[PDB]
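First, one chain by itself: the form deposited in one PDB entry, in structure tokens.
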């Protein structure tokens, strides 16, 4: 819980920089009771800006004071059935470019975002890039032929990938996909980790 994780972590950091309730309360313009209450799980209503200050006087970040994502696994694993996948339709330049079928995710590995992607367009000339993004990405061509584009949107490198091909795109590298010219559509599994 936000409150408890904060309550425990706040007390940790405070002690770490050798401050008592009194000393910390003083730098924040609060009373010793207030601080003590926080360390007792009563910080729940603290605003983001307020958390910002507490973190500041303690010369650290809000992150260092809040608990980890939390656990959502069942004895080590988490499962997702095909019919419970969130479906988000991606739009680029008012066109239906992609369709994101979101696969299993877990708070134990927040950076893991697996997807089954429906590549809707089939005109390489109309390919639309993203500005690259954080985290690496593993790709597997699930169906059809994928026409891949990466690098500089103005003068990019290309590759026509057949069903079963696998790629890796490093973080920050810009990319774009479309079905092979005229083939209608294609599908690929995209795994961000």
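Residue numbers count along the first chain shown, from 1. The term rigid core refers to the maximal set of C-alpha atoms that superpose within 1.5 Å between the two forms.
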Q) For residue 93, do at least a third of the other compared PDB entries give no atomic coordinates? A) yes
Q | Entry-level comparison of average CA B-factors, 122-130 and 23-31, reporting the higher stretch | A | 122-130
Q) Should the higher mean CA B-factor in the entry be assigned to 106-114 or to 85-93? A) 85-93
Q) Looking at the C-alpha B-factor of residue 150, is it in the lowest, middle or highest third of its chain? A) highest
**Q.** Modelled-residue ranking by C-alpha temperature factor, third containing residue 186
**A.** middle
Q.
Based on the deposited C-alpha B factors for this chain, I'd like to know if residue 172 is in the lowest, middle or highest third.
A. highest
Q.
Please say which third, lowest, middle or highest, residue 40 falls into when its CA temperature factor is compared across its chain.
A. highest
Q. Ranked by Cα temperature factor within the chain, is residue 156 in the lowest third, the middle third or the highest third?
A. highest
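Below, we turn to the form deposited in another entry, even though it does not appear here.
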**Q.** Sole member of 84, 72, 93, 75 with a C-alpha shift of at least 2 Å between this form and the one not shown (core-superposed)
**A.** 93
